[PDB]
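Visitor: below you'll find the sequence and an experimental structure to go with it.
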Amino acid sequence: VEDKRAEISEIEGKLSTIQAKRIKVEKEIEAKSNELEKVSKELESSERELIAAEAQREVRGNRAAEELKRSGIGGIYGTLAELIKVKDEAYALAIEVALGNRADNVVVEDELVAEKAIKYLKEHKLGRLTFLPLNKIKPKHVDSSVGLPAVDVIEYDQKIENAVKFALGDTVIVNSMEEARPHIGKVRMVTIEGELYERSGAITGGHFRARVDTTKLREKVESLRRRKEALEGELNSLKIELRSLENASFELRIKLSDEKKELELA
Amino acid sequence: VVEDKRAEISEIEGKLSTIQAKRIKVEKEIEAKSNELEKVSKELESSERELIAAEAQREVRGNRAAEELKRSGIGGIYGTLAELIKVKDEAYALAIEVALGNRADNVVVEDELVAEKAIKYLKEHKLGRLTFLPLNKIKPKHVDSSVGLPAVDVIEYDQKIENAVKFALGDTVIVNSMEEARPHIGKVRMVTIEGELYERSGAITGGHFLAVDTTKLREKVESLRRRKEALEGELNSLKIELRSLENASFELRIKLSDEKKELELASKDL
């Protein structure tokens, strides 16, 4: 008996350490699983954005030129969306409208440059795409002075002159639809809020949701996926060791009782 | 007596076995939920990522903004050209598809008044940008020289919107191959059956080559998002029971130890 005491002392001392090593874990677990919920939440968030902006560059044919600049041809200067820079903040929207689908056309030197640019497309299943042969592009010029010409508020290389005078040549920038009425139908004009009134009577309008900008997201998405995968791994091995502790505790607990009875006997 | 407490011990151990039996059942059942849940999660993501891309390509083209314009109540909207135009003879469609492109996502309306009320609605809800065709002010296009097969000859459409249709392909002619339009490149709007386009502005466009599955796809996702709730919920409830049973067996094991002890006090005595 006087020796049976130093037997139950160690045991409990070990079970105490267990309940100790247990809490020490639940803290981590509670901390990990928590930080994960946050990272996964910001992951699905930026996960959407990536797929979105990318899904667009397909329909818009943007990812096509990116993978088209990976080939050798003399004559290719890329799309207008890249070769034109608007001034400061003000007309961004306006000019984006005056171009819209035209800001995806790829400029080339001669018709032969385009004919072979297409082959790369049909020989790789990439999709349709528009090209502008500098030696054939018929530029457009402004006659009547109504609003500040959309061409006078941009900065483009002087070699791709005709290509821009074609996409924005007869395009003007006006303030409100009221300043346009006097000429709607005569001159091609777009308002600052995005309201294009084509000389053909066609009207374009609407406000989207705009929030390289893509490459950055890929970097951020990869980062999160890494953080995620790591956490899941850790957070999982802990939940394992946790039970490892719990099973031992249940097992340790049974042993103590089987002895507590023994002492009573003695 | 000693045999009385002994026959009472077997009564508990008999139950303890049952708990451990059902516990096994739970374990198995739970393992079956995880595997399936893990499978649903897969299809969900694999299929949900498509909506993020589909619903994104509906904004680019404007297909979404259009549909939203149907549940507006702004009488005057008639729809998309692509919806109002159809090709009578097949294998001649690829040409027209190319002859349209962006122009195909155009919405036909009565007048510029519907145009405004449509644009204002689009802005008020940031649905997107869209180009309208006011049949009231649209200016049709024609073809003087017959250097090929007119685009309008292989098309069917309600004579009531003839203007908008002649607006997109009014000056467009369908030819056979590249070397068939050369004599008139940048002179007339060419569109080879192969799938090419030679605008009068010298601009050349060509390449490779329904958006109606987004509705059926949004459903399949709404389904998986609903099926995951089921599986994910059923698991936490079963896992909860599994824990309850484990608490029970424990409760018995200590009791069984005490029962075991009394017989050793009844075996050392008797």
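Guide: It's in. Residues are numbered from 1 along each chain as shown, chains lettered A, B, ... in the order given.

Visitor: can you list the residues of the stretch 51-200 of chain A near chain B?
Guide: Residues of the stretch 51-200 of chain A lying near chain B by Cβ under 8 Å from any Cβ of the partner chain: A:51-52, A:54-56, A:58-60, A:64, A:97, A:100-101, A:105, A:111, A:114-115, A:118, A:121-122, A:124-133, A:136-138, A:166, A:177, A:185, A:193-196, A:200. C-beta coordinates here come from the backbone N, C-alpha and C atoms, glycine included.

Visitor: so is residue A:3 in a helix, a strand, or just coil?
Guide: At residue A:3, secondary structure determined by DSSP: H, G, I helix; E, B strand; the rest coil is coil.

Visitor: and it, how close does it get to chain B?
Guide: To chain B, residue A:3 is 20 Å away according to Cβ to the nearest Cβ, to the nearest Å.

Visitor: before we move on, the earlier item: show me which of the residues of the stretch 51-200 of chain A next to chain B are buried.
Guide: A:51-52, A:54-56, A:58-60, A:64, A:97, A:100-101, A:105, A:111, A:114-115, A:118, A:121-122, A:126, A:128-133, A:136-137, A:166, A:177, A:193-196 (16 or more other Cβ atoms under 10 Å in any protein chain shown).

Visitor: among those residues, which are located in strands?
Guide: A:129-133, A:195-196 (DSSP state E).

Visitor: could you list the domains of chain A?
Guide: A:1-60+A:212-266, A:61-211 (curated CATH domains).

Visitor: please identify the most buried of these.
Guide: Among these, domain A:61-211 has the highest mean neighbour count (mean count of other Cβ atoms under 10 Å in any protein chain shown), at a mean of 18.

Visitor: what is the end-to-end distance of that one?
Guide: End-to-end distance of domain A:61-211 (Cα to Cα, to the nearest Å): 20 Å.

Visitor: what segments of the stretch 151-266 of chain A are strands?
Guide: Counting by DSSP state E, counting those that start in this stretch, the stretch 151-266 of chain A has strands at residues A:154-156, A:171-174, A:188-191, A:195-197, A:203-205.

Visitor: that older thread, what is the nearest of the ones in strands among the buried ones among the residues of the stretch 51-200 of chain A next to chain B to chain B?
Guide: For these, the residue nearest chain B by Cβ to the nearest Cβ is residue A:130; the value is 3.8 Å.

Visitor: contacts only, for the closest residue to that closest one other than its chain neighbours.
Guide: The shortest distance from residue A:130 to any non-neighbouring residue, by Cβ to Cβ, 6 or more residues apart in numbering or on different chains, is to residue B:205 (3.8 Å). Residue B:205 is in contact with A:105, A:128-131, B:98, B:101, B:196-197, B:199, counting by Cβ atoms under 8 Å, 6 or more residues apart in numbering or on different chains.

Visitor: okay, and the beta partners of residue B:205?
Guide: Here residue B:205 sits in beta bridges with residue A:130, residue B:197, going by DSSP bridges.

Visitor: could you check how far residue A:26 is from chain B?
Guide: Taken as Cβ to the nearest Cβ, the span from residue A:26 to chain B is 15 Å.

Visitor: and what of residue A:19?
Guide: 15 Å.

Visitor: report the central residue of chain A.
Guide: residue A:50 (2.8 Å; Cα atoms, centre = their mean).
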